[PDB]
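Chemist: Pasting target01.pdb here (PDB, C-alpha atoms and all ligand atoms):
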```
ATOM      1  CA  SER D 138      -0.584  -6.554  -6.831
ATOM      2  CA  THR D 139       0.828  -3.352  -8.180
ATOM      3  CA  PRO D 140       1.445  -0.491  -5.770
ATOM      4  CA  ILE D 141      -1.643   1.439  -7.020
ATOM      5  CA  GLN D 142      -3.810  -1.642  -6.437
ATOM      6  CA  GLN D 143      -2.340  -1.825  -2.902
ATOM      7  CA  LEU D 144      -3.235   1.840  -2.201
ATOM      8  CA  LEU D 145      -6.779   1.446  -3.490
ATOM      9  CA  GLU D 146      -7.288  -1.783  -1.556
ATOM     10  CA  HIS D 147      -6.158   0.119   1.581
ATOM     11  CA  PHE D 148      -8.696   2.886   1.006
ATOM     12  CA  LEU D 149     -11.427   0.345   0.256
ATOM     13  CA  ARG D 150     -10.672  -1.552   3.469
ATOM     14  CA  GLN D 151     -10.776   1.707   5.474
ATOM     15  CA  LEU D 152     -14.169   2.544   3.897
ATOM     16  CA  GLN D 153     -15.622  -0.940   4.413
ATOM     17  CA  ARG D 154     -14.649  -0.700   8.117
ATOM     18  CA  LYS D 155     -17.223   2.124   8.358
ATOM     19  CA  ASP D 156     -19.927  -0.329   7.189
ATOM     20  CA  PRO D 157     -19.698  -3.205   9.664
ATOM     21  CA  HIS D 158     -23.080  -4.651   8.642
ATOM     22  CA  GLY D 159     -22.085  -4.841   4.941
ATOM     23  CA  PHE D 160     -24.971  -2.737   3.620
ATOM     24  CA  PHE D 161     -22.858  -1.552   0.650
ATOM     25  CA  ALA D 162     -21.042  -4.825   0.023
ATOM     26  CA  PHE D 163     -23.081  -6.032  -2.963
ATOM     27  CA  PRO D 164     -25.623  -4.610  -5.466
ATOM     28  CA  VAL D 165     -29.031  -3.736  -4.067
ATOM     29  CA  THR D 166     -31.715  -5.997  -5.487
ATOM     30  CA  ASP D 167     -35.323  -5.143  -6.315
ATOM     31  CA  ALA D 168     -36.545  -7.941  -4.002
ATOM     32  CA  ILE D 169     -35.141  -6.074  -1.041
ATOM     33  CA  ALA D 170     -35.709  -2.555  -2.488
ATOM     34  CA  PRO D 171     -38.770  -2.159  -4.754
ATOM     35  CA  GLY D 172     -38.107   0.035  -7.848
ATOM     36  CA  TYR D 173     -34.366   0.278  -7.201
ATOM     37  CA  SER D 174     -33.245  -0.599 -10.755
ATOM     38  CA  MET D 175     -35.425   2.136 -12.291
ATOM     39  CA  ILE D 176     -34.560   4.865  -9.713
ATOM     40  CA  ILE D 177     -30.847   4.100  -9.635
ATOM     41  CA  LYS D 178     -29.633   3.839 -13.249
ATOM     42  CA  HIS D 179     -25.922   3.872 -12.187
ATOM     43  CA  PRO D 180     -25.591   1.309  -9.493
ATOM     44  CA  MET D 181     -22.373   0.884  -7.500
ATOM     45  CA  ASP D 182     -21.197  -1.105  -4.481
ATOM     46  CA  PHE D 183     -17.944  -2.008  -2.694
ATOM     47  CA  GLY D 184     -17.852  -5.472  -4.382
ATOM     48  CA  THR D 185     -17.853  -3.899  -7.815
ATOM     49  CA  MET D 186     -15.174  -1.447  -6.637
ATOM     50  CA  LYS D 187     -12.978  -4.378  -5.407
ATOM     51  CA  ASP D 188     -13.507  -6.121  -8.783
ATOM     52  CA  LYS D 189     -12.441  -2.969 -10.656
ATOM     53  CA  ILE D 190      -9.311  -2.792  -8.514
ATOM     54  CA  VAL D 191      -8.571  -6.511  -9.229
ATOM     55  CA  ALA D 192      -9.234  -6.044 -12.963
ATOM     56  CA  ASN D 193      -6.928  -2.997 -12.717
ATOM     57  CA  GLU D 194      -9.635  -0.668 -14.177
ATOM     58  CA  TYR D 195      -8.856   2.435 -12.010
ATOM     59  CA  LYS D 196      -6.296   4.903 -13.403
ATOM     60  CA  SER D 197      -6.435   7.289 -10.472
ATOM     61  CA  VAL D 198      -7.698   7.858  -6.911
ATOM     62  CA  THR D 199     -10.105  10.461  -8.455
ATOM     63  CA  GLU D 200     -11.796   7.651 -10.418
ATOM     64  CA  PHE D 201     -12.012   5.467  -7.283
ATOM     65  CA  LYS D 202     -13.481   8.402  -5.326
ATOM     66  CA  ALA D 203     -16.068   8.966  -8.048
ATOM     67  CA  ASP D 204     -17.395   5.424  -7.716
ATOM     68  CA  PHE D 205     -17.525   5.797  -3.923
ATOM     69  CA  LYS D 206     -19.417   9.074  -4.291
ATOM     70  CA  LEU D 207     -21.851   7.415  -6.689
ATOM     71  CA  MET D 208     -22.473   4.585  -4.258
ATOM     72  CA  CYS D 209     -23.282   6.958  -1.394
ATOM     73  CA  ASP D 210     -25.306   9.293  -3.618
ATOM     74  CA  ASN D 211     -27.447   6.406  -4.823
ATOM     75  CA  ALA D 212     -28.261   5.434  -1.239
ATOM     76  CA  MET D 213     -29.162   9.011  -0.332
ATOM     77  CA  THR D 214     -31.384   9.206  -3.462
ATOM     78  CA  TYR D 215     -33.312   5.967  -3.136
ATOM     79  CA  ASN D 216     -33.749   5.919   0.662
ATOM     80  CA  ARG D 217     -35.593   8.454   2.734
ATOM     81  CA  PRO D 218     -33.609  10.691   5.109
ATOM     82  CA  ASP D 219     -34.749   8.883   8.267
ATOM     83  CA  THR D 220     -33.470   5.433   7.149
ATOM     84  CA  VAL D 221     -30.310   3.604   8.278
ATOM     85  CA  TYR D 222     -29.030   3.493   4.711
ATOM     86  CA  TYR D 223     -29.387   7.212   4.086
ATOM     87  CA  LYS D 224     -27.734   8.128   7.395
ATOM     88  CA  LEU D 225     -24.847   5.673   6.982
ATOM     89  CA  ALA D 226     -24.252   6.820   3.354
ATOM     90  CA  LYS D 227     -24.072  10.418   4.510
ATOM     91  CA  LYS D 228     -21.703   9.695   7.322
ATOM     92  CA  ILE D 229     -19.332   7.622   5.161
ATOM     93  CA  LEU D 230     -19.387   9.919   2.150
ATOM     94  CA  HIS D 231     -18.037  12.749   4.306
ATOM     95  CA  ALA D 232     -15.576  10.513   6.158
ATOM     96  CA  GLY D 233     -14.257   8.970   2.925
ATOM     97  CA  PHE D 234     -13.798  12.263   1.168
ATOM     98  CA  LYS D 235     -11.747  13.511   4.149
ATOM     99  CA  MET D 236      -9.628  10.335   4.058
ATOM    100  CA  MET D 237      -8.945  10.825   0.328
ATOM    101  CA  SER D 238      -8.866  14.619   0.359
ATOM    102  CA  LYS D 239      -6.773  16.470  -2.209
ATOM    103  CA  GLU D 240      -4.491  17.573   0.658
ATOM    104  CA  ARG D 241      -3.920  14.013   1.940
ATOM    105  CA  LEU D 242      -3.192  12.772  -1.570
ATOM    106  CA  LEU D 243      -0.690  15.636  -1.999
ATOM    107  CA  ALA D 244       1.203  14.686   1.159
ATOM    108  CA  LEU D 245       1.158  11.031   0.034
ATOM    109  CA  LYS D 246       2.537  12.090  -3.382
ATOM    110  CA  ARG D 247       5.329  13.997  -1.567
ATOM    111  CA  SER D 248       6.247  10.897   0.453
ATOM    112  CA  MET D 249       7.360   9.081  -2.744
TER     113      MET D 249
ATOM    114  CA  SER E 138      -2.796   2.746   9.036
ATOM    115  CA  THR E 139      -1.374   4.174   6.815
ATOM    116  CA  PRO E 140      -1.050   4.605   3.046
ATOM    117  CA  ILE E 141       2.781   5.004   3.306
ATOM    118  CA  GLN E 142       3.021   2.024   5.692
ATOM    119  CA  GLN E 143       0.981  -0.188   3.332
ATOM    120  CA  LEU E 144       3.137   0.790   0.363
ATOM    121  CA  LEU E 145       6.406   0.219   2.211
ATOM    122  CA  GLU E 146       5.149  -3.161   3.470
ATOM    123  CA  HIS E 147       4.324  -4.077  -0.126
ATOM    124  CA  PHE E 148       7.869  -3.181  -1.304
ATOM    125  CA  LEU E 149       9.379  -4.892   1.676
ATOM    126  CA  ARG E 150       7.478  -8.175   1.139
ATOM    127  CA  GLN E 151       8.500  -8.229  -2.544
ATOM    128  CA  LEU E 152      12.165  -7.723  -1.604
ATOM    129  CA  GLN E 153      12.173 -10.352   1.174
ATOM    130  CA  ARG E 154      10.819 -12.973  -1.263
ATOM    131  CA  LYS E 155      14.204 -12.641  -3.044
ATOM    132  CA  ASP E 156      15.972 -13.793   0.154
ATOM    133  CA  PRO E 157      14.638 -17.351   0.707
ATOM    134  CA  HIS E 158      17.466 -18.335   3.063
ATOM    135  CA  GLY E 159      16.819 -15.371   5.339
ATOM    136  CA  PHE E 160      20.402 -13.957   5.222
ATOM    137  CA  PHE E 161      19.016 -10.383   5.441
ATOM    138  CA  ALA E 162      16.173 -11.144   7.867
ATOM    139  CA  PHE E 163      18.005 -10.098  11.059
ATOM    140  CA  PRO E 164      21.184  -8.214  12.071
ATOM    141  CA  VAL E 165      24.483  -9.964  11.223
ATOM    142  CA  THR E 166      26.324 -10.988  14.364
ATOM    143  CA  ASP E 167      30.081 -11.322  14.882
ATOM    144  CA  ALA E 168      29.363 -14.920  15.883
ATOM    145  CA  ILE E 169      28.048 -15.510  12.330
ATOM    146  CA  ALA E 170      30.512 -13.281  10.498
ATOM    147  CA  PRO E 171      33.793 -12.789  12.364
ATOM    148  CA  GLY E 172      34.975  -9.203  12.685
ATOM    149  CA  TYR E 173      31.706  -7.890  11.152
ATOM    150  CA  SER E 174      31.251  -5.044  13.669
ATOM    151  CA  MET E 175      34.919  -3.973  13.198
ATOM    152  CA  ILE E 176      34.156  -3.278   9.507
ATOM    153  CA  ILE E 177      30.436  -2.365   9.192
ATOM    154  CA  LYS E 178      29.546   0.673  11.270
ATOM    155  CA  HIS E 179      25.975   1.335  10.092
ATOM    156  CA  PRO E 180      24.299  -2.079  10.089
ATOM    157  CA  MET E 181      20.859  -2.680   8.549
ATOM    158  CA  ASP E 182      18.581  -5.655   7.928
ATOM    159  CA  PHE E 183      14.974  -6.369   6.822
ATOM    160  CA  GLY E 184      13.862  -6.942  10.441
ATOM    161  CA  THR E 185      14.968  -3.452  11.417
ATOM    162  CA  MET E 186      13.335  -2.017   8.285
ATOM    163  CA  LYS E 187      10.060  -3.870   9.111
ATOM    164  CA  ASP E 188      10.144  -2.616  12.709
ATOM    165  CA  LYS E 189      10.715   0.877  11.283
ATOM    166  CA  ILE E 190       7.611   0.602   9.061
ATOM    167  CA  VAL E 191       5.488  -0.784  11.969
ATOM    168  CA  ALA E 192       6.754   2.004  14.262
ATOM    169  CA  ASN E 193       6.030   4.366  11.302
ATOM    170  CA  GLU E 194       9.589   5.756  11.421
ATOM    171  CA  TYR E 195       9.842   6.063   7.618
ATOM    172  CA  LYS E 196       8.609   9.434   6.413
ATOM    173  CA  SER E 197       9.486   8.897   2.727
ATOM    174  CA  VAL E 198      10.132   6.042   0.283
ATOM    175  CA  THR E 199      13.593   7.682  -0.036
ATOM    176  CA  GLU E 200      14.393   6.949   3.618
ATOM    177  CA  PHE E 201      13.276   3.406   2.859
ATOM    178  CA  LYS E 202      15.365   3.005  -0.316
ATOM    179  CA  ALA E 203      18.416   4.385   1.465
ATOM    180  CA  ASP E 204      18.121   1.827   4.270
ATOM    181  CA  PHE E 205      17.678  -0.946   1.692
ATOM    182  CA  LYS E 206      20.811   0.243  -0.265
ATOM    183  CA  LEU E 207      22.782   0.484   3.012
ATOM    184  CA  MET E 208      21.835  -3.110   3.800
ATOM    185  CA  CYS E 209      23.037  -4.356   0.424
ATOM    186  CA  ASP E 210      26.143  -2.097   0.400
ATOM    187  CA  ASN E 211      27.176  -3.531   3.799
ATOM    188  CA  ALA E 212      27.016  -7.070   2.483
ATOM    189  CA  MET E 213      29.167  -6.134  -0.551
ATOM    190  CA  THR E 214      31.664  -4.318   1.645
ATOM    191  CA  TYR E 215      32.128  -7.111   4.213
ATOM    192  CA  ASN E 216      31.998 -10.145   1.917
ATOM    193  CA  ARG E 217      34.201 -10.863  -1.132
ATOM    194  CA  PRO E 218      32.707 -10.904  -4.673
ATOM    195  CA  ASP E 219      32.734 -14.667  -5.071
ATOM    196  CA  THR E 220      30.565 -15.299  -1.990
ATOM    197  CA  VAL E 221      26.822 -16.077  -1.891
ATOM    198  CA  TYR E 222      26.241 -13.040   0.361
ATOM    199  CA  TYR E 223      27.898 -10.559  -1.976
ATOM    200  CA  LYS E 224      26.164 -12.029  -5.013
ATOM    201  CA  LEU E 225      22.721 -11.968  -3.384
ATOM    202  CA  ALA E 226      23.179  -8.409  -2.103
ATOM    203  CA  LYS E 227      24.049  -7.217  -5.625
ATOM    204  CA  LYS E 228      21.089  -9.117  -7.092
ATOM    205  CA  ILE E 229      18.550  -7.821  -4.567
ATOM    206  CA  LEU E 230      19.873  -4.266  -4.726
ATOM    207  CA  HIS E 231      19.286  -4.203  -8.494
ATOM    208  CA  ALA E 232      15.813  -5.750  -7.963
ATOM    209  CA  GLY E 233      14.881  -3.153  -5.387
ATOM    210  CA  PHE E 234      15.939  -0.116  -7.383
ATOM    211  CA  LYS E 235      14.073  -1.489 -10.399
ATOM    212  CA  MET E 236      10.901  -1.954  -8.324
ATOM    213  CA  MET E 237      11.284   1.384  -6.501
ATOM    214  CA  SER E 238      12.696   3.393  -9.402
ATOM    215  CA  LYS E 239      11.778   6.999 -10.156
ATOM    216  CA  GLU E 240       9.840   5.883 -13.256
ATOM    217  CA  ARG E 241       7.738   3.459 -11.226
ATOM    218  CA  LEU E 242       7.264   6.020  -8.424
ATOM    219  CA  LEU E 243       6.165   8.699 -10.910
ATOM    220  CA  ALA E 244       3.542   6.223 -12.283
ATOM    221  CA  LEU E 245       2.221   5.703  -8.758
ATOM    222  CA  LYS E 246       2.404   9.448  -7.964
ATOM    223  CA  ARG E 247       0.318  10.015 -11.121
ATOM    224  CA  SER E 248      -2.211   7.373 -10.006
ATOM    225  CA  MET E 249      -2.771   9.429  -6.818
ATOM    226  CA  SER E 250      -4.697  11.556  -9.318
TER     227      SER E 250
HETATM  228  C1  LIG D 301      32.928 -14.929   6.466
HETATM  229  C2  LIG D 301      31.467 -15.375   6.504
HETATM  230  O1  LIG D 301      30.646 -14.253   6.167
HETATM  231  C3  LIG D 301      29.333 -14.335   6.477
HETATM  232  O2  LIG D 301      28.918 -15.349   7.052
HETATM  233  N1  LIG D 301      28.528 -13.307   6.085
HETATM  234  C4  LIG D 301      27.187 -13.275   6.221
HETATM  235  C5  LIG D 301      26.377 -14.315   6.699
HETATM  236  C6  LIG D 301      24.997 -14.144   6.737
HETATM  237  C7  LIG D 301      24.169 -15.137   7.279
HETATM  238  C8  LIG D 301      24.543 -16.468   7.503
HETATM  239  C9  LIG D 301      23.636 -17.349   8.110
HETATM  240  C10 LIG D 301      22.375 -16.908   8.528
HETATM  241  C11 LIG D 301      21.503 -17.831   9.124
HETATM  242  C12 LIG D 301      22.027 -15.571   8.326
HETATM  243  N2  LIG D 301      20.819 -15.133   8.706
HETATM  244  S1  LIG D 301      20.706 -14.245  10.102
HETATM  245  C13 LIG D 301      21.799 -12.836  10.166
HETATM  246  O3  LIG D 301      19.268 -13.727  10.272
HETATM  247  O4  LIG D 301      21.149 -15.185  11.222
HETATM  248  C14 LIG D 301      22.925 -14.693   7.736
HETATM  249  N3  LIG D 301      24.428 -12.971   6.339
HETATM  250  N4  LIG D 301      25.262 -12.034   5.871
HETATM  251  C15 LIG D 301      24.926 -10.820   5.442
HETATM  252  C16 LIG D 301      23.504 -10.269   5.344
HETATM  253  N5  LIG D 301      26.038 -10.172   5.108
HETATM  254  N6  LIG D 301      27.069 -10.985   5.336
HETATM  255  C17 LIG D 301      26.588 -12.146   5.805
END
```
Any chance you could put this one into structure tokens?
Modeler:
Amino acid sequence: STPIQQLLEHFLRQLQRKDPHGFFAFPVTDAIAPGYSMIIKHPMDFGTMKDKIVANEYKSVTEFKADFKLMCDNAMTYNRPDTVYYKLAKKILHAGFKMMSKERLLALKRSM
Amino acid sequence: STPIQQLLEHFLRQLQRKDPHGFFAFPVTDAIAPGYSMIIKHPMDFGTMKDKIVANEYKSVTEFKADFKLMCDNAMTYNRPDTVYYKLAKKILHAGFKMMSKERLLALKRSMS
């Protein structure tokens, strides 16, 4: 790996740790979630994010964060507020954005 | 746990792969190298650097690079130029400052958005 791949893999691992049951690990299928592919036109999941890291497709932590935000947003859009998926998405969106906050990235940038 | 620790571990693994015989793995003893402590007053080795990462004692990649350079510099100071230890220290020093150069660090710094 390159260093940037290492940093992204670290963040991804930290995020995945917040999803022990692997809800966000792979794309949501219509067989599990009726209408999903019509409601969510921009699907995303941690597997796809890993693959983009491996294929070296991310230029920046901002790009990585945007895919994470999309993933959580999709879950909060498709699922009703009282569901496990909505509540978990909400919790991890906020936690992940704190973990990768502008301030934390600035201190990391300083430490080089 | 933590981004800096992961990055330093990455650099450290890549450097240690260039020392297959493990000459730099642990502190050099006077038993191994006579008179070593009489000459080298600020010893360093990969083991100590690893412990420092794990204990999160490195606050910058600069602190890290300086320890690495000290390690190599010690080997070139104690051993003569036609020895395996001097030659390897020179080789790995060059390798490390290529890997952890300002150019390469700027590219990473930029990737932190
Ligand atoms: C006049 C003879 O001079 C020397 O023997 N010099 C040096 C010797 C070795 C060395 C040998 C054997 C072994 C097994 C190891 N590995 S270790 C320290 O973990 O036990 C290291 N490292 N070294 C380093 C660095 N810098 N100088 C030397």
Chemist: What do you get as a compact mmCIF listing (two decimals) with C-alpha atoms, in the coordinates of the input if you pick all residues at most 6 Å from ligand LIG 301 (chain D), counting only C-alpha atoms and all ligand atoms?
Modeler:
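Result file follows (selection15.txt):
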```txt
# COMPACT_ATOMS: atom_id res chain seq x y z
CA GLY E 159 16.82 -15.37 5.34
CA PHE E 160 20.40 -13.96 5.22
CA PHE E 161 19.02 -10.38 5.44
CA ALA E 162 16.17 -11.14 7.87
CA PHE E 163 18.00 -10.10 11.06
CA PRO E 164 21.18 -8.21 12.07
CA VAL E 165 24.48 -9.96 11.22
CA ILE E 169 28.05 -15.51 12.33
CA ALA E 170 30.51 -13.28 10.50
CA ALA E 212 27.02 -7.07 2.48
CA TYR E 222 26.24 -13.04 0.36
```
Chemist: When the PyMOL selection byres ((chain D and not hetatm) within 12 of (chain E)) is applied to the file above, which residues end up in the set, as a PyMOL selection string?
Modeler: chain D and resi 138-151+193-203+236-249
Chemist: Considering all atoms listed in the file, can you say which of D:160, D:154, D:167, D:182 comes closest to residue D:225?
Modeler: D:160
Chemist: I'd like the contact shell of residue E:186 - 8 Å cut-off, all atoms listed in the file, skipping same-chain residues fewer than 5 positions apart - returned as a PyMOL selection string.
Modeler: chain E and resi 181+201+204-205
Chemist: So, counting only C-alpha atoms, which residue among D:222, D:155, D:215, D:233 is closest to residue D:175?
Modeler: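 The answer is D:215, which sits nearest to residue D:175.
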Chemist: One decimal, in Å: what's the spacing between atom CA of residue E:217 and atom CA of residue E:176?
Modeler: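 Here the two named atoms are 13.1 Å from each other.
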Chemist: Can you pull out every residue within 10 Å of residue E:210, counting all atoms listed in the file, but drop anything in the same chain fewer than 5 positions away, and send it as a PyMOL selection string?
Modeler: chain E and resi 177+180-181+204-205+215+223+226-227+230
Chemist: For residue D:216, which residue among D:177, D:168, D:192, D:152 is the nearest when counting all atoms listed in the file?
Modeler: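 Ranked by minimum distance to residue D:216, first place goes to D:177.
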Chemist: Grab the atom CA of residue E:149 to atom CA of residue E:219 distance for me, in Å with one decimal place.
Modeler: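 Spanning atom CA of residue E:149 to atom CA of residue E:219 is a straight-line distance of 26.2 Å.
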Chemist: What separation in Å, quoted to one decimal, exists between atom CA of residue D:209 and atom CA of residue D:166?
Modeler: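 Rounded to one decimal, the two atoms are 16.0 Å apart.
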Chemist: As a check of understanding, name the residues that the PyMOL selection byres (((chain D and resi 230) around 9) and not hetatm) selects in the supplied structure, as number ranges by chain.
Modeler: D: 205-206, 208-210, 225-229, 231-235
Chemist: Apply the PyMOL selection byres (((chain D and resi 184) around 9) and not hetatm) to the file shown and report the selected residues as a list in words.
Modeler: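 Here the PyMOL selection byres (((chain D and resi 184) around 9) and not hetatm) matches residues 161, 162, 163, 164, 181, 182, 183, 185, 186, 187, 188 and 189 of chain D.
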Chemist: Nearest residue to residue E:173 out of E:189, E:234, E:225, E:214, using only C-alpha atoms?
Modeler: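 Comparing E:189, E:234, E:225, E:214 against residue E:173, the winner is E:214.
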Chemist: Since fewer atoms than expected are present, regenerate N, CA, C and O atoms for stretch 166-180 of chain E and write them as a PDB file, in the frame of the given file.
Modeler:
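Listing of out-v4.pdb after writing:
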```pdb
ATOM      1  N   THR E 166      25.602 -10.974  13.110  1.00  0.00           N
ATOM      2  CA  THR E 166      26.324 -10.988  14.364  1.00  0.00           C
ATOM      3  C   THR E 166      27.766 -11.362  14.094  1.00  0.00           C
ATOM      4  O   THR E 166      28.060 -12.040  13.112  1.00  0.00           O
ATOM      5  N   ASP E 167      28.666 -10.923  14.974  1.00  0.00           N
ATOM      6  CA  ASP E 167      30.081 -11.322  14.882  1.00  0.00           C
ATOM      7  C   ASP E 167      30.256 -12.829  15.040  1.00  0.00           C
ATOM      8  O   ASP E 167      31.179 -13.404  14.471  1.00  0.00           O
ATOM      9  N   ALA E 168      29.361 -13.469  15.795  1.00  0.00           N
ATOM     10  CA  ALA E 168      29.363 -14.920  15.883  1.00  0.00           C
ATOM     11  C   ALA E 168      29.209 -15.540  14.495  1.00  0.00           C
ATOM     12  O   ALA E 168      29.911 -16.492  14.172  1.00  0.00           O
ATOM     13  N   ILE E 169      28.306 -14.988  13.676  1.00  0.00           N
ATOM     14  CA  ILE E 169      28.048 -15.510  12.330  1.00  0.00           C
ATOM     15  C   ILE E 169      29.133 -15.082  11.343  1.00  0.00           C
ATOM     16  O   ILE E 169      29.581 -15.860  10.513  1.00  0.00           O
ATOM     17  N   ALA E 170      29.551 -13.832  11.434  1.00  0.00           N
ATOM     18  CA  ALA E 170      30.512 -13.281  10.498  1.00  0.00           C
ATOM     19  C   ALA E 170      31.612 -12.605  11.289  1.00  0.00           C
ATOM     20  O   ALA E 170      31.440 -11.462  11.723  1.00  0.00           O
ATOM     21  N   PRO E 171      32.735 -13.315  11.503  1.00  0.00           N
ATOM     22  CA  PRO E 171      33.793 -12.789  12.364  1.00  0.00           C
ATOM     23  C   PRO E 171      34.270 -11.397  11.951  1.00  0.00           C
ATOM     24  O   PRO E 171      34.500 -11.116  10.762  1.00  0.00           O
ATOM     25  N   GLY E 172      34.411 -10.519  12.935  1.00  0.00           N
ATOM     26  CA  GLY E 172      34.975  -9.203  12.685  1.00  0.00           C
ATOM     27  C   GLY E 172      33.986  -8.252  12.036  1.00  0.00           C
ATOM     28  O   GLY E 172      34.382  -7.150  11.672  1.00  0.00           O
ATOM     29  N   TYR E 173      32.719  -8.671  11.896  1.00  0.00           N
ATOM     30  CA  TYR E 173      31.706  -7.890  11.152  1.00  0.00           C
ATOM     31  C   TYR E 173      31.573  -6.463  11.718  1.00  0.00           C
ATOM     32  O   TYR E 173      31.619  -5.481  10.969  1.00  0.00           O
ATOM     33  N   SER E 174      31.421  -6.350  13.038  1.00  0.00           N
ATOM     34  CA  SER E 174      31.251  -5.044  13.669  1.00  0.00           C
ATOM     35  C   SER E 174      32.492  -4.122  13.590  1.00  0.00           C
ATOM     36  O   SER E 174      32.366  -2.918  13.707  1.00  0.00           O
ATOM     37  N   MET E 175      33.668  -4.705  13.378  1.00  0.00           N
ATOM     38  CA  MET E 175      34.919  -3.973  13.198  1.00  0.00           C
ATOM     39  C   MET E 175      34.936  -3.213  11.854  1.00  0.00           C
ATOM     40  O   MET E 175      35.614  -2.169  11.730  1.00  0.00           O
ATOM     41  N   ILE E 176      34.144  -3.715  10.923  1.00  0.00           N
ATOM     42  CA  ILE E 176      34.156  -3.278   9.507  1.00  0.00           C
ATOM     43  C   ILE E 176      32.915  -2.441   9.170  1.00  0.00           C
ATOM     44  O   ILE E 176      33.037  -1.352   8.583  1.00  0.00           O
ATOM     45  N   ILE E 177      31.750  -2.943   9.561  1.00  0.00           N
ATOM     46  CA  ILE E 177      30.436  -2.365   9.192  1.00  0.00           C
ATOM     47  C   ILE E 177      29.934  -1.564  10.391  1.00  0.00           C
ATOM     48  O   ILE E 177      29.643  -2.137  11.451  1.00  0.00           O
ATOM     49  N   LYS E 178      29.903  -0.261  10.213  1.00  0.00           N
ATOM     50  CA  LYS E 178      29.546   0.673  11.270  1.00  0.00           C
ATOM     51  C   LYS E 178      28.102   1.136  11.258  1.00  0.00           C
ATOM     52  O   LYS E 178      27.650   1.701  12.250  1.00  0.00           O
ATOM     53  N   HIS E 179      27.391   0.961  10.147  1.00  0.00           N
ATOM     54  CA  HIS E 179      25.975   1.335  10.092  1.00  0.00           C
ATOM     55  C   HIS E 179      25.207   0.140   9.589  1.00  0.00           C
ATOM     56  O   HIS E 179      24.819   0.087   8.413  1.00  0.00           O
ATOM     57  N   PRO E 180      25.022  -0.868  10.464  1.00  0.00           N
ATOM     58  CA  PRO E 180      24.299  -2.079  10.089  1.00  0.00           C
ATOM     59  C   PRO E 180      22.828  -1.840   9.739  1.00  0.00           C
ATOM     60  O   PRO E 180      22.220  -0.851  10.182  1.00  0.00           O
TER      61      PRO E 180
END
```
